[PDB]
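>>> before I ask anything, here's the sequence and the deposited coordinates:
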Amino acid sequence: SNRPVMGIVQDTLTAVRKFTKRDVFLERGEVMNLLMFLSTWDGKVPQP
Amino acid sequence: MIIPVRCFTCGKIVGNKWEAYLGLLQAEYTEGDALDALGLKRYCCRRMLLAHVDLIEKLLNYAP
Amino acid sequence: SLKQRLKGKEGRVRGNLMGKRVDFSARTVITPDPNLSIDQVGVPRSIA
Amino acid sequence: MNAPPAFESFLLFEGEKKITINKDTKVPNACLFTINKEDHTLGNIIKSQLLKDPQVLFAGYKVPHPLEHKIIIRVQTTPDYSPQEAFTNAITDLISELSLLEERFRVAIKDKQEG
Amino acid sequence: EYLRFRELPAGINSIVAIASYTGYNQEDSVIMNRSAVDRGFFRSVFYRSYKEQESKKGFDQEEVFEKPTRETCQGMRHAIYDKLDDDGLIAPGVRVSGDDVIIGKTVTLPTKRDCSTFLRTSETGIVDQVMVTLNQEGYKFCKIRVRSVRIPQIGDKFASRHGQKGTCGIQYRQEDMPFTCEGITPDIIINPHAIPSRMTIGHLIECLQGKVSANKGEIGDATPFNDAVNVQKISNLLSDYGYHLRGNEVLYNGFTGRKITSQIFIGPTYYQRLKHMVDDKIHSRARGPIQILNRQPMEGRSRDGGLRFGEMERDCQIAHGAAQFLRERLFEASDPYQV
Amino acid sequence: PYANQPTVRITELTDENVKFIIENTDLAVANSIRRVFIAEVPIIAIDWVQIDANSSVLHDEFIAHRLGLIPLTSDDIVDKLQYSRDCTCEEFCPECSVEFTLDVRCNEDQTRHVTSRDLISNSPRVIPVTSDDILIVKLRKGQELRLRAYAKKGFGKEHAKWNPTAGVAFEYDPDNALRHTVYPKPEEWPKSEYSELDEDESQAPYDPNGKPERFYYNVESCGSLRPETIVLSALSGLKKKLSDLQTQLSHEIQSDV
Amino acid sequence: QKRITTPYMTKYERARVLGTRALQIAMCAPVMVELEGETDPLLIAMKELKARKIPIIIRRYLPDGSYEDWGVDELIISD
Amino acid sequence: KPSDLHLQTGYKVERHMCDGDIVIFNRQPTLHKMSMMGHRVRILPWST
Amino acid sequence: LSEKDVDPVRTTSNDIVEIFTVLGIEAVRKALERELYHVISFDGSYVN
Amino acid sequence: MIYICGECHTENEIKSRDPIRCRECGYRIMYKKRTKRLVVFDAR
Amino acid sequence: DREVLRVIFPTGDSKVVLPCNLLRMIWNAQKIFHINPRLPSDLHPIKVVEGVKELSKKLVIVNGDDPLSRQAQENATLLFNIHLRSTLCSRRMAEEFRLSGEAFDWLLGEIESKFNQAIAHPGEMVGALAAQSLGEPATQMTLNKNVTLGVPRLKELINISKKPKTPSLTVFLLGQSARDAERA
Ligand SMILES: [Zn+2]
Ligand SMILES: [Zn+2]
Ligand SMILES: [Zn+2]
């Protein structure tokens, strides 16, 4: 069906919807924790 | 089978409370009152005694 | 008879030529691991 | 059948380093600290103590896998400050806080016990 | 009351939190409390009995119980025959592992072949009982019970009483588990995503009623068609014990100690450990024995058989275009032959 | 030099629990403290059982499981005792373990309750906490239990039997001023025992600059250690882990250069 | 010359060329590319494929019975 | 005996499956192409 | 189809055999595609 | 080779040749006695 | 091309399946080369016309210069070429996309590169692919005016049967009968 066969499912899908809401704000410490789990991260913290 | 030594959730000792719990029930205590009398405040520990089945008593009926 | 041996799902052709039991294969229960990559499989040491 | 020994989560097997330091090539003044047989206990306090250092730009830790017993701590400091120096100062600050906490808890016990 | 379920229960009341904690309970998986398991939570015994009979039938052929010496007896295996007692029977209280001989049986050769009983490869237990008697045929008859203790592992099946089965995906210690302000950690964490599609609302009501039962000290009544019991009534009772009326509690992350933003539905639920344990299903094959007729890997886990690479698996590899791997599975790894 | 300056207030101190408040700490330090109460406070527990006779209805390792969970007095002897892995002796010795004996025969018609009071230690400093008594097994007439056990040092990170706590209540921001938890209907939620709010309001006003600074504890003791000893042992043990870590870090820094 | 088949290497040719070359390397065949700290025969074959140094000719059989011989260097690798 | 344990070129060592080993990992019924996919082996300490 | 006031261009039968014997092999090729497409796409599923 | 009778609980020495049967009550179900070898249980 | 499309899609459904996503490729070019939609473009309209003509020759499905090969090549890429022409037209390249010369040259390269990657690979077991592609959906089909559908209908199509379970005949009225219920 010329489309992906696997996607984001269950927790990650339910959480990514909450995560990308307009009113989700992360503190400096919270952000640095998440970037630890980003294998492709360039090591540069973006401007908040 | 036998009263677990510790509460599964928090690790409080409950294996010294089964006989006391039975005695309190013999004294017309309600189950909730008997658990309170024994100091089991967290409902995890109350679960241990309130739901225990003492099958070891049945097993002692069979001759060794 | 000979005819019975060759026909059917469990017959000689379908059961032993089109499909067959193989060496170097393992089977066990599967559990989630969000810390693996999509292209990784966590394997017990006993199977390895 | 495949159950690891319970002690394997806090005991180092022979030839295992408790902590190793690896420079982070992506950005300057960044090092990765791989600590063996440690969990969120030390990872969280070290990370939170580092975030209190104004010269630390990035502080973060992770347990790469719960079945493994490693914590990776990533520290990035300012050019005039070393990640290793930040790490040592963070532990001394934690040790000072814990030692002070021990002394003040002992006094509290004595006051409570006395009356 | 009439099923005698109280007298012979088949489960444990578990503090169950319905939460997405670390992703290890997704897709009908379960997070278990390692500390609770260390305290006997869902610990079980597996008893397996082996029966062996020595029968003499034939002009000079007979079977006896004895320790088969590698020289005297023809048949032999790489197992260990040292555990056997002089009478060919292992003794109670002896630890036995895979490839161990529990019954030493020798059949006189027309010197003598070995028909000794080998303990199941996966099984690793302790000989519990060794019963010897005469069977219905009058021949000497031995039954040996091997006792193995099964501590809940990752991969063991657990179900509530509402069709919500799931294997254990990971076990966290008490400090790693999320806790309430009272220090209560869940024994089991199930994913919230198991509830919506399945619509096992009775699971949520049992958890709410279980919380009231444990706090009140009364066994709750969940008889189906009972107007005297409503969710609102149960919720009102729960409020009287200092809990949120809907069974939610503020939980703290065990790794960081921070309050979780969402309050977690947590309470006692009766779970049951299912017979299906991973250690009874894990099976690995790497050049095992082959069957006589087809000269292909044997069948069955107990026979160290190979997994079937069936037509569907073959059709799949054709679509992949992996001609060589298809040749490995269907020729090289099954029955390579020359004519 | 950015160390915190924590203050301690002990609210309640009994033989079973210690209730205290820590102020001016980070949440990570407060959480690591409770997390050490449970997993890294050493005590002495039975970890080696050798059963000579067991005619009871409970199989051998059923009994051994209970023996391990029986709390033993560990208040001061635990510090003296060495870890059997660290000790240079054979399997066991008095400097790394405590020997226990249990020899009960039932010959009366009345059921015989084998309790922790029937466990006899070779060292008076390490005894079952109950000496009601914890029930190990019930014996029928003609049944006996004869075993010897060795209790060794350990902490909860290995097995829950070395966890000295019976529940560590931990709390902060009882009025939810930081909004670390968002209540869909705050009016529906019971007030915390440490809540300083009036009956009319359910939440403290949001504090944009607030941080978790005050933490409430209720460390209940299984009995192996006094509740105040668990806290002190945790604080020194957590400090030991950090000091041990820094020694390794010093070598690694020196080795690289 | 006079080739009608695609100038690109197919995914099936890449899979077999790499697998076949890896076995040759694993059997002590000379490595056409310069390797630095590479010991896996399959990774070495990948370097040769990228360098277009695999000494293998792919013979593509056409339905009519004829074939076209392509050098691995001639074909366009997907990467 | 180490003499028989001495390796020389052309020998094959049937070594244990290790991290990064490529395996085919299948769930039945095998209905389409994604029912059998290749995975890199990661060794983890349990039986699933 | 031969009936008056009946469109002989769009009037179609869902019976594949009827199409073959009336319209030919190419018509049934198209009709077979449409009928198979109907069952696949009936529930919104898409196949290339 | 001591055998405990399944009914009267009497230890009986039976060789590999003599029939298996209680000396006292003649019961036909025997049980091997617990091995003298002592197994070590971790109390976990 | 517009009239050819009307024949191919009489229903007027413009949704098609084609190799290269031209609209996203243009979007990528705008971001890569920082195209400013407000400013006038430096891309000559003729370069668009000539560039697309050159691109069409590079996208070859049926190679060969003989008339039979040329016609098949024209037919094989007819739909894509129509889509390519109606997207990379000079009017639109200057009116909404506003691509520059550098961006357009990159765009032509991407279409060629992505189109060649879309060509079916010799040795592809497309029959097995089709069987699984039409069989996997069957595992989610239901079983049973009313017309047979789902698995039971799929069987009738592949088990071609003299007597279908629910034979039917869709009749379309030709003259005034179509628009008059009484006459229908
Ligand atoms: Zn409890
Ligand atoms: Zn010692
Ligand atoms: Zn007898």
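Yep, that arrived. Residues are numbered from 1 along each chain as shown, chains lettered A, B, ... in the order given. Ligands and ions are numbered 1, 2, ... in the order given.
>>> helices along chain D, start to end?
D:40-51, D:83-114 (DSSP state H).
>>> what's the closest of those to chain B?
Distances from chain B to each of the helices of chain D were compared by Cβ to the nearest Cβ, and the smallest falls on helix D:40-51, at 18.6 Å. C-beta coordinates here come from the backbone N, C-alpha and C atoms, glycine included.
>>> the closest one close to chain A?
Yes - Helix D:40-51 lies in contact with chain A when judged by Cβ under 8 Å from any Cβ of the partner chain; the contacting residues are D:47, D:48, D:51.
>>> who touches residue 32 in this structure?
Going with chain A. Contact analysis of residue A:32 by Cβ atoms under 8 Å, 6 or more residues apart in numbering or on different chains lists A:45, D:47, D:51, D:58, D:59, D:60.
>>> chain C is the one I meant
Applying Cβ under 8 Å, 6+ apart, we find residue C:32 in contact with E:23, E:24, E:25, E:26, E:27, E:29, E:169.
>>> in strands only, show me these.
Mapping those onto strands (DSSP state E) picks out residue E:169.
>>> now, among the contacts of residue C:32, which is nearest to chain A?
Nearest to chain A among these is residue E:26, at 4.4 Å by Cβ to the nearest Cβ.
>>> report how many residues lie close to the closest residue to that closest one other than its chain neighbours.
Taking Cβ to Cβ, 6 or more residues apart in numbering or on different chains, and ignoring the residues beside it in sequence, residue E:26 has residue A:10 as its nearest neighbour in space, at 4.4 Å. Residue A:10 has 20 neighbouring residues, counting by other Cβ atoms under 10 Å in any protein chain shown.
>>> I'd say residue A:10 and residue E:193 touch.
Yes - with contact defined as Cβ atoms under 8 Å, residue A:10 reaches residue E:193; the gap is 5.0 Å.
>>> sec struct for the closest residue to ligand 2 within chain H, please.
Of chain H, the residue with the smallest distance to ligand 2, taken as Cβ to the ion, is residue H:45 at 29.0 Å. Counting by DSSP: H, G, I helix; E, B strand; the rest coil, the backbone at residue H:45 sits in coil.
>>> residues near it, how many?
Applying other Cβ under 10 Å, I find that residue H:45 has 15 neighbouring residues.
>>> and the closest residue in space to it that isn't next to it in sequence, how far is that from residue E:124?
What sits nearest to residue H:45 in space, not counting adjacent residues and going by Cβ to Cβ, 6+ apart, is residue D:4, at 4.1 Å. Separation of residue D:4 from residue E:124 (Cβ to Cβ, to the nearest Å) stands at 16 Å.
>>> neighbour count winner among these two?
The neighbour comparison of residue D:4 against residue E:124 (other Cβ under 10 Å) goes to residue E:124, with 17 against 13.
>>> and the residue nearest to the more buried one when sequence neighbours are not counted, backbone torsions?
If the residues on either side of it in the chain are set aside, residue E:124 comes closest to residue E:97, at 4.7 Å by Cβ to Cβ, 6+ apart. Backbone dihedrals for residue E:97, given as degrees, to the nearest 10, come out at phi -120, psi -180.
>>> check contacts around residue E:97.
Counting by Cβ under 8 Å, 6+ apart, the residues that residue E:97 touches are E:119, E:123, E:124.
>>> most neighbours among the contacts of residue C:32, which one is it?
For the contacts of residue C:32, the largest neighbour count, defined by other Cβ under 10 Å, is 31 neighbours, found at residue E:25.
>>> am I right that it is in contact with residue E:186?
No - the pair residue E:25 / residue E:186 is not scored as a contact, 10.6 Å apart, by Cβ under 8 Å.
>>> re earlier: so how far is chain C from the residue nearest to residue E:124?
Here residue E:97 is placed at a distance of 13 Å from chain C (Cβ to the nearest Cβ, to the nearest Å).
>>> so the residue of chain H closest to ligand 2 touches residue C:45, yeah?
Yes - taking contacts as Cβ under 8 Å, residue H:45 lies within contact range of residue C:45: 6.5 Å.
>>> so what sits against both of the two?
Taking Cβ under 8 Å, 6+ apart as the contact rule, the neighbours common to residue H:45 and residue C:45 are residue D:2.
>>> report how many residues lie close to the closest residue to residue C:6 other than its chain neighbours.
Once flanking residues are discounted, residue C:6 sits nearest to residue C:12: 4.6 Å by Cβ to Cβ, 6+ apart. Residue crowding around residue C:12 was assessed by other Cβ under 10 Å; the count is 16.
>>> got it, and the one 5 residues further on?
Residue neighbour count, defined by other Cβ under 10 Å, stands at 16 for residue C:17.
>>> next, the contact list for it, please.
If you count contacts by Cβ under 8 Å, 6+ apart, then residue C:17 has residue E:330 around it.
>>> picking up where we left off before, buried subset of the contacts of residue A:32?
Using 16 or more other Cβ atoms under 10 Å in any protein chain shown as the burial test, the contacts of residue A:32 include D:47, D:51, D:58, D:59, D:60 as buried.
>>> closest to ligand 1 out of those residues?
The shortest gap between ligand 1 and any of the buried ones among the contacts of residue A:32 belongs to residue D:47, at 31.5 Å (Cβ to the ion).
>>> tell me the contacts of the closest one?
Taking Cβ under 8 Å, 6+ apart as the definition of contact, the neighbours of residue D:47 are A:29, A:32, A:33, D:59, D:60, D:61, D:73, F:28.
>>> so which of these are in strands?
Using DSSP E, those in strands are D:59, D:60, D:61, D:73.
>>> picking up where we left off before, how close does the residue nearest to residue E:124 get to residue E:148?
From residue E:97 over to residue E:148 (counting by Cβ to Cβ), the distance is 10 Å.
>>> so what sits against both of those two?
With contacts taken as Cβ under 8 Å, 6+ apart, the residues that reach both residue E:97 and residue E:148 are E:123, E:124.
>>> return the residues of chain E in contact with chain J.
Residues of chain E that fall close to chain J, judged by Cβ under 8 Å from any Cβ: E:38, E:64-66, E:85-89, E:91-95, E:126-127, E:129-134, E:140.
>>> give me the buried subset of those residues.
Neighbour-count burial within the residues of chain E next to chain J applies to E:38, E:64-66, E:85, E:87-89, E:91-94, E:126-127, E:130-133, E:140; the criterion is 16+ other Cβ under 10 Å.
>>> narrow those residues to those in strands?
When these are checked against strands (DSSP E), the matches are E:64, E:65, E:126, E:127, E:130, E:131, E:132, E:133, E:140.
>>> so which of those is the closest to residue F:36?
Top of the list for closeness to residue F:36, among those and by Cβ to Cβ, is residue E:126 at 36.5 Å.
>>> and for residue B:4, the neighbour number?
Around residue B:4 sit 22 other residues, with neighbours defined as other Cβ under 10 Å.
>>> how far away is the residue of chain H found nearest chain K from chain A?
Nearest residue of chain H to chain K (Cβ to the nearest Cβ) works out as residue H:32 at 4.4 Å. In this structure, residue H:32 and chain A are separated by 8 Å, where distance is defined by Cβ to the nearest Cβ.
>>> kindly report the same for residue G:73.
According to Cβ to the nearest Cβ, residue G:73 stands 33 Å off from chain A.
>>> list the contacts for that residue?
Residue G:73 is in contact with G:52, G:53, G:54, counting by Cβ under 8 Å, 6+ apart.
>>> list phi and psi for the residue nearest the centre of chain I.
Taking Cα atoms, centre = their mean, the centroid of chain I lies closest to residue I:31, which sits 3.1 Å from it. Comment: the main-chain dihedrals of residue I:31 come out as phi -60, psi -40, following degrees, to the nearest 10.
>>> which residue sits closest to it, ignoring its sequence neighbours?
Setting aside the residues directly before and after it, residue I:31 is nearest to residue I:19 in space (Cβ to Cβ, 6+ apart), at 4.4 Å.
>>> so the residue of chain D at minimum distance from ligand 1 versus chain B, what's the distance?
Ranking the residues of chain D by distance to ligand 1 (Cβ to the ion) places residue D:6 first, at 21.9 Å. When Cβ to the nearest Cβ is applied, the distance between residue D:6 and chain B equals 16 Å.
>>> perfect, that will be all.
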